[PDB]
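Note sheet for the following structure.
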Amino acid sequence: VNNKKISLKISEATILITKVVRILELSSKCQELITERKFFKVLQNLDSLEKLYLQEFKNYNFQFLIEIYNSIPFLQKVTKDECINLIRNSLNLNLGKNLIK
Amino acid sequence: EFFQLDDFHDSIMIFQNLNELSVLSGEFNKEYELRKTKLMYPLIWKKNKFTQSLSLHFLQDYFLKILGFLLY
Amino acid sequence: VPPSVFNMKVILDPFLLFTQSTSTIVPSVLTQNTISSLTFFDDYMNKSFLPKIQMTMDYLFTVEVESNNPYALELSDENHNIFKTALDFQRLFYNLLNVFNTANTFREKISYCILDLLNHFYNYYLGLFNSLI
Amino acid sequence: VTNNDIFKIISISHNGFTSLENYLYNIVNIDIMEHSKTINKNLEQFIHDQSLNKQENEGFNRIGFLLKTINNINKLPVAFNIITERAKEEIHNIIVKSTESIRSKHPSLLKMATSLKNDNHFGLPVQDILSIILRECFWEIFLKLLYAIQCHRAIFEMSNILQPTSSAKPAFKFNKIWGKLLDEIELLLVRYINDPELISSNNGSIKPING
Amino acid sequence: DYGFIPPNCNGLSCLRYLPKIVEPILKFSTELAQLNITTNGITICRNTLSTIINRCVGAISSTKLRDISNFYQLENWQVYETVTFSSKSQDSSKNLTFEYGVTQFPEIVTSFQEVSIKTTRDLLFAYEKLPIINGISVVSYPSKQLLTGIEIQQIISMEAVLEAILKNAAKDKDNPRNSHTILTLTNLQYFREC
Amino acid sequence: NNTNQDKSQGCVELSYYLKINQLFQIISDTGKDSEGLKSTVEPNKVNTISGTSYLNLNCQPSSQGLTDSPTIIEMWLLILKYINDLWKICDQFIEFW
Amino acid sequence: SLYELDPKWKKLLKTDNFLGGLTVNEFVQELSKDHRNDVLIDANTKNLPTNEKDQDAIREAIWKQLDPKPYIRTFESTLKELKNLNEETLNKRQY
Amino acid sequence: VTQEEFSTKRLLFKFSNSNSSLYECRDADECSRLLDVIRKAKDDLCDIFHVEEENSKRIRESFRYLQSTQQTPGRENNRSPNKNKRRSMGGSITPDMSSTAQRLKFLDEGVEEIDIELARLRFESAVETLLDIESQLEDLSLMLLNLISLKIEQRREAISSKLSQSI
Amino acid sequence: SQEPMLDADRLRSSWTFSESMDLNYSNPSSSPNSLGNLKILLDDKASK
């Protein structure tokens, strides 16, 4: 029970560390998804994030939502942010103009 | 005023992976062009394409004025 | 050709140390007494790597087509086009890469870069064979 | 064992580029003094172990292959066994195995494809950046396969030349005649899969016209 | 050490590498007869050491001179590249702004480094330095040849001002072409305090 | 080097062809700066304006005295390989005697 | 923004944290990432096709409303890492 | 060794890398005590040497050789005029940049804001933003800092060229 | 073909590697005759 104590703080410490790691990665993806109507650090910081989470930084098989999220986010964030920005200023193309006369 | 500022930054971020990322704006500009060029003596007709008589002096200064600011 | 790659112009990492086996078993030296189909260095450096250099040059010219009869920037002029300073950048880059001294330096790698020049004069000849002609 | 005490191990401080002083291309390769060394070793123990019965760099070859390979009592099928296993499964085992070892060792195949470095940035980073790896990798491949087909010429001699003890010698002779036709095939496709990515060639799916 | 034709020289190539191929043979010698086995060939190291050493330092000097006469030729087709000055006037009033012509600054370097290398041949014979002492080279040795090094370096700087003489006067007619030929007087004016 | 030469005689103008600014401040980086200050040598036009000190390390791989690919192969390979081998031989004789 | 982001995890994770004790620290790795009461509802995230009325943006927000949900829950597991620091407090007491 | 008793109790799923074992224990008490004692060999695997500092400190010292210096020299090395897959250490395992280069790291995103503002031809504010970045950079000048200044002067070139075309 | 010195163009050489981009053409190498030659080579390369 001193080795259940030391074992408890041991695996509690390690799971605290990995919990801090996945907390960091999902925190970064929250920092990505938070950015609406900016579209500029979207591909910058988001593509910086995808270079770590699905990639080498969190490349254990650890979660499902980390794996499916960071594996998914190519087409979702890239295609959705992409065509979001494409139909952005088509709004302005409708707004440019009606002030012709 | 900022009439291509969105098109500017749009073309920047989309031009990280140019250029079909901004090629459909050719289509949207051709379409909403073809609405705004239209019509008033119908005037999406400039693609080898009555309504002639729906035009007079106020419609004239209207028409070539509005097309003039379109060219601007 | 669809440039997946044959290998690349990236044999400069590989093809140094993989000539040691072409010279320590000296291809093919030992290889005791039979009919053994010896060289094999070249035979791909004859066939494969040379045609991969030729078509690799050709696709490299297709990374400077740019679809403009013309447009450019040109501190002194019009200079028509980005095509022009493209083929300048290409032939300057490759003609620093593929040969500097030694003039052959080449089986026909000389004649390869000569063929890139010949294609460039074919295309910018074709612009005048289109706009004027 | 005594085949290229490694270049590019390591760095003669400071003297770092040219690629190093070791290579390039002062690692001659002339015909190689390296190949005078190795092709002196196998000619030494081959025709001098043969001449003997008509660490010395590298005594394990003729030593272990001798006292091993002569102490067989029904050897003649087992020669075909080591041949027919080792050709395909060994050649693809090593040539797979090294590229696997780098392919997860410090990969990071980041510099994923070219990082779009145009076009004709054709192995640009050497210059000692990230083609310091692949030179050590493909160098270690052609080195290991060299000592391999060396040694298969050394058993294709060692007892087959000359009937120690079997005058049915053409087994391992076939395992040079199609031993070397094995390995020169297995490198040749490893030529064609040096495609311009650091192609890493570890998928094996073969799909027909219907997915 | 050259090695090839042009550039062990202008091209600081024996200026860098020659210290390496110098220094290892120096340690190999100093050890190789520091074992005092036995006698009357330690003399032969005392001959061969100063032979190759002084011949080498003469070689770097010769490269540096015939190099540095070609320096300003095909170099300064430039503009006021490097800096500035702070030279006070006759009324001591802030009158510089004397700038720049970077061929000043390059030849301000390529002799200072050669001073560092020849410092590492004159003062080479300190750090070896073991028993017997078979001290086969004197740490502050050749006062005759030290005066000769003073002579050759003086000839080097004289070759510099000759190089601006030829490059200024006729090579050929453009410091740019009067177009600040005042550039050339600006460079010389910096050279009076460089 | 050079057969059918520049003729004559094939200098690189290497104290420009390298040392326009180069190893001129990289081989001279254990060489420069040692009190080699700037005095507004922020090169105020365009490019060579890093120049603070120690390090802001560029810190050039320094191809050679620049255009010497093969001549740095010559001085390097010849002089360093031969003298390296003789360092090994004198080591073995140092043990032997 | 409390342990209501991990409500049943006060049993479904914390009892497996209290007397579990973590069994077997791959479940604390992966099944606490499959995340009893938090990301055991891990289905249909999904950045919903079809066309952007239905929905493609709310389910895209719910593609990472585990960054809301399982990270105020994993953050609540980081708040339970403070309870694991409380387990490291008493694990600093009996040790 | 997966815990696949859900498809079949008294059966095991040991899929070692490029393999798969259906090594079916006959009783399930040997299966439950087998994956249970392999979960106690995850109290040996997952507790003894899973990582616990191993991938942690291996990621520390191994990540600590990042772009080019660990391992200083150097006589075949430089990283002056490039980005060359630029290791964004702020977004990497440092996240905790020094508030000089942290607050200028967001002004490195302010440098990218200058790239937006240049990219819409609005020079003025981006120029003065760059003046602020020169001010804080200038004053509070710990190693990557210099490379940040390289990007800065790169973009000062971009401005000077761009205005000199635009005038 | 004349390189010659540049710097031009873009990454201040942007190619600069350059082992004939891939060769030495390292014949065996083993062939030091060198012929005292020639023009370099008109060879119809001049005609090229």
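Each chain gets a letter, A, B, C, D, E, F, G, H and I, in the order it is written, and its residues are counted from 1.
The working rule: contacts are C-beta pairs under 8 Å (C-beta built on N, C-alpha and C of every residue); 3 or more make two chains touch, one makes a residue touch a chain.
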Exercise for review: Enumerate, in label order, the chains that touch chain B and chain H alike.
Suggested key: A
Study note, to complete from the structure: If chain centres are mean C-alpha positions, then the most distant from chain B is chain E
Point to revise | Pair joined by the larger number of C-beta contacts - A-D, C-D | key: C-D
Point to revise | Whole-Å gap between the CA centroids of chain D and chain E | key: 50
Point to revise | Chain centre separation (chain B, chain G; CA means) in Å | key: 53
Point to revise | Euclidean distance of C-alpha centroids - chain C vs chain E, Å | key: 44
Study note, to complete from the structure: When centres are defined as mean Cα positions, the distance from chain C to chain I in whole Å is 13
Check your understanding: For chain G, what residues touch not just one other chain but two or more?
Key -> 25, 29
Review point. Multi-chain contacts in chain A: which residues touch at least two other chains?
Key: 7, 11, 14, 40
Check your understanding: So which stretches of chain H touch two or more other chains?
Key -> 43, 46-47, 50, 74-77, 116
Check your understanding: Across the complex, what residues on chain I touch chain F?
Key -> 5, 16, 34, 36-40
Check your understanding: If you look only at chain G, which of its residues touch chain H in the complex?
Key -> 23-26, 29
Exercise for review: Going by the contact rule at the top, pick out the chain E residues touching chain F in the complex.
Suggested key: 1-18, 20-21, 24-25, 27-28, 31-32, 35, 37, 67-68, 70-71, 73-75, 79-86, 102, 105-106, 109-110, 112-113, 116
Exercise for review: Could you pull out which chain D residues touch chain F in their complex?
Suggested key: 12, 15-18, 21, 25-26, 127-128
Revision key, fill the gap. Chain A residues touching chain H in their complex are 7, 10-11, 14, 17, 24, 28, 40-41, 44-45, 48-49, 52, 57
